[PDB]
């Protein structure tokens, strides 16, 4: 440590400045995932399936994840339609040994993992916490929506570090930045705020070998909000600047942006896709 500029963030970067990547000079080539492997949790569900198919369209091999709804059909659909390799894996994301085994098997099956999306999650549907005295509900939210994200993150970081490259995207929510109304869901908001700032924290720790970012969707038309009444959804619309819920196909551009070489200087960022909801 003489004659070196040492990072205040992370000395594993080595002597500063680090070298910039060599990129295509054409912007469209930056979004290609040809030659890359993506792994997407919760891809039996609405957002995860849309992201999985978009990544296959961009050229990636795709590992699909499910728990209570088998998705082998879905992996086979990607193989037949786009000619990529795709396989589906069953895993309860709450079980850290299962997450480790699943990610290790995917590395064997596909050779490596270049892009990881920690997307699986569940809602809180029980109203104000003051009336919920059984902590099982709190524990469930924290276990699936925070611990499960961390188990995925801890395991994939080791692969990214071994290979010297990677992009991790965590699906957070506008709930990590604001307090949803009129449905009261403090435990879910808490878990999502934790996810957003876990991502920023890992962006510093992993900077020598990977990027880490969040996508924070607003209200998207999937089954996850099927608990909402029609008067509840109407109030969401009234408070959304664009005046509606979004579709899953309006998220896939952002997931591909973060996954690909279009975003090689983007890390620790929270890409909000919410029709303006967090602005008013």
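Positions refer to the first chain, counted from 1.
Participant: Is it true that residue 224 has no coordinates in a third or more of the other entries in the comparison?
Facilitator: That residue is missing from at least a third of the other compared entries.
Participant: Among the other compared PDB entries, is residue 137 dropped in a third or more?
Facilitator: Across the compared entries, residue 137 is left out in at least a third.
Participant: Take the C-alpha B-factors listed in the entry for 214 to 222 and for 64 to 72, compute each mean, and give the stretch with the larger one.
Facilitator: Per the deposited B-factors, the answer is 64 to 72.
Participant: May I ask you to compare 227 to 235 and 31 to 39 by their mean CA B factor in the entry and name the higher one?
Facilitator: For C-alpha atoms only, the mean B-factor is higher in 227 to 235.
Participant: Between 190, 126, 173, 119, where does the Cα B-factor run highest in the record?
Facilitator: When the deposited C-alpha B-factors of 190, 126, 173, 119 are compared, 126 is largest.
Participant: Checking the entry, which one of 196, 167, 98, 183 has the top C-alpha B factor?
Facilitator: Among 196, 167, 98, 183, the PDB entry lists the largest C-alpha B-factor for 98.
Participant: Would you check the entry's CA temperature factor for residue 147 and let me know if it's in the chain's lowest, middle or highest third?
Facilitator: According to the entry, residue 147 has a C-alpha B-factor in the chain's middle third.
Participant: Would the CA B-factor of residue 3 place it in the lowest, middle or highest third of its chain?
Facilitator: Highest third.
Participant: Where does the C-alpha B-factor of residue 88 rank in its chain, lowest, middle or highest third?
Facilitator: Highest third, going by the recorded CA B-factors of the chain.
Participant: Going by what the PDB entry lists, where does residue 200 fall on CA B-factor within its chain: lowest, middle or highest third?
Facilitator: Ranked within chain, residue 200 CA B lands in the lowest tercile.
Participant: What third of the chain, by the recorded C-alpha B-factor, contains residue 130?
Facilitator: Tercile = highest for this residue's CA B-factor.
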